[PDB]
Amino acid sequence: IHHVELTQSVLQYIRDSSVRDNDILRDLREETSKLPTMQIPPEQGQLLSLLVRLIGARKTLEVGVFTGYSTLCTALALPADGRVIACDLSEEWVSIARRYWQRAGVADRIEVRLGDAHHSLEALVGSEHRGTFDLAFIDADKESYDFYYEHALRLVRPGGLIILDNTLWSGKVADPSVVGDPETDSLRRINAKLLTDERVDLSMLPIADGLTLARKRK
């Protein structure tokens, strides 16, 4: 399998010749880097902005959130009446997320469901929000990816896009020595399941920690 050698020189080049950065995004990345598999690279955040604008999304779902880099890139790409429903795992990094979203003037476009993502997603599938999302970004605990995926399939509209982060898990999914690891096994299972899942169109991208695109078929 022929490929481009991802030397620091080539990765620095991709960054320098494609990343449109600003002080707000840069400052958030810097702050996040000083804290305890949730560091979104700027190339990924920019792709997220592109895909949102590409499908004419006004309503999106997020599972994970953390300091809110992926959420900020999403919201910035949305129209003035757009909304991100962000299912935030914990309140620990909420006050950081809130600061940058306010600073970038997107806080009015972001709604936080604070607490257990299984519970917010269960409420959402039984709510008026069912089948109304244009895009879903799954970036939470890896053991719950199947649950998040099945819930996202009911939450997104036909033709909607589901995005699954970390599907390569540092290459561990491909590593035969990594045996019995719950996160690796769950990601291996969802990856295998997606290949033969006729409900979606599929693309697994070798960007950041592996980024899977699953378009819900009409």
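One-based numbering along the sequence shown.
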Exercise. How much of the deposited sequence is absent from the coordinates between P36 and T37: none, 1 to 3, 4 to 9, or 10 or more residues?
Worked result: 1 to 3
For this session: Could you check which stretch, 54-62 or 27-35, carries the larger mean CA temperature factor in the entry?
Result: 27-35
Problem set entry | Higher-scoring stretch by recorded Cα B factor average, 147-155 or 177-185 | 177-185
Exercise. Which of these, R103, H118, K142, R109, has its C-alpha atom at the highest B-factor, as the entry lists it?
Worked result: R103
Seminar exercise, completed: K218: C-alpha B-factor third of its chain, per the entry, is the highest
For this session: Determine, from the deposited record, the chain-internal third of the Cα B-factor for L48: lowest, middle or highest.
Result: middle
Problem set entry | Chain-wide C-alpha B factor ranking for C87, given as lowest, middle or highest third | lowest
Exercise. In terms of the chain's CA B-factor thirds, is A192 lowest, middle or highest?
Worked result: middle
Exercise. Comparing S203 with the other modelled residues of its chain, is its CA B-factor in the lowest, middle or highest third?
Worked result: lowest
